[PDB]
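Below, in structure tokens: the form deposited in one PDB entry, a single chain.
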């Protein structure tokens, strides 16, 4: 819903300084970006600004959850700066803080065409407006300090842009408290909301949802809301053992069992049933002797049970084939969460096999949407997508200027 908000295509940025909230919270290992998808997604708004005559583009984001303590040794945005520079073909001035004297001066009037990335916002308790101390307790933020944090951010540009879709569910100071006459939705913000609004309000049918993940209790709302829209639905990952234990009394050994979500499984199945949704659960498995990448692997079916002391970490071949048949009937697919422990090659086969079917479906004309160009749309969303789909309002979209 961006018919009534100001958006970038209309903002005149010529000779103007631009502050842009983006989502550069990327997955990392050992100070190394493991996935630069969130960085690439931000490129077209940045380019447009630079191309249209921007004095400067100042970029701000969080990374991980450092809970209002500075952690530049574990959670620094510096690695992103180096990545952004290559992608952009431009120099990137990395600043080691996000508010204050040094930052405001550095951004006061940069050389024409400067791209500037600030340090992790969540190094300041005032970004969330709450935090944890070094003894792990409930530290309250100070209103006067929040007003100062925000007022410092409002200095780094003449105009504001939110291209931060992956964070749009967060009412944080960088997301709703920036004070400037013009607050615009960037091109990503627009692309994301257009794909998910078309997918949900004029779906191509048959419409398939694939939902995977570890726990059930936290997806009740998602599943319910999806169950009113979709023609089919796959339920996969460690969340399916809860389902199979209740609907089939499968012996799951040490596989994950959501004791709470177990009590409403019945109601989900009942609403699916009355709505005519076909529920596709896994029927076989790759089992492991412990929660380890280098565990000993086995195999099991619903008929056979998983032996005791062993746990299920990936669906198997016959489950793969079942998933594929739903993929074949679909004209639209929304996929959220893995069907197994794809992190680990031994347990990655189900997700790979499945990605292939979804890719092949795209070639025939299926609209395929996956969570954060072989598919229609790879979302940066993940957690914000889930809230989009639970029907809830996005603090990041609501705070943009009205026309």
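Heads up, when I say rigid core I mean the largest set of C-alphas that superpose within 1.5 Å between the two forms. Numbering follows the first chain given and starts at 1. Shifts are known only where both forms have a C-alpha.
Below, we refer to the form deposited in another entry, which is not included among the displayed structures.
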For residue 192, is the C-alpha shift between the shown form and the other one 2 Å or more after core superposition?
no
For residue 315, does the CA position differ by 2 Å or more between the shown form and the other one when the superposition is done on the rigid core?
yes
Mind listing the moving segments between the shown form and the other one, meaning three or more residues in a row, each Cα shifted 2 angstroms or more, core aligned?
134 to 138, 202 to 370, 373 to 377
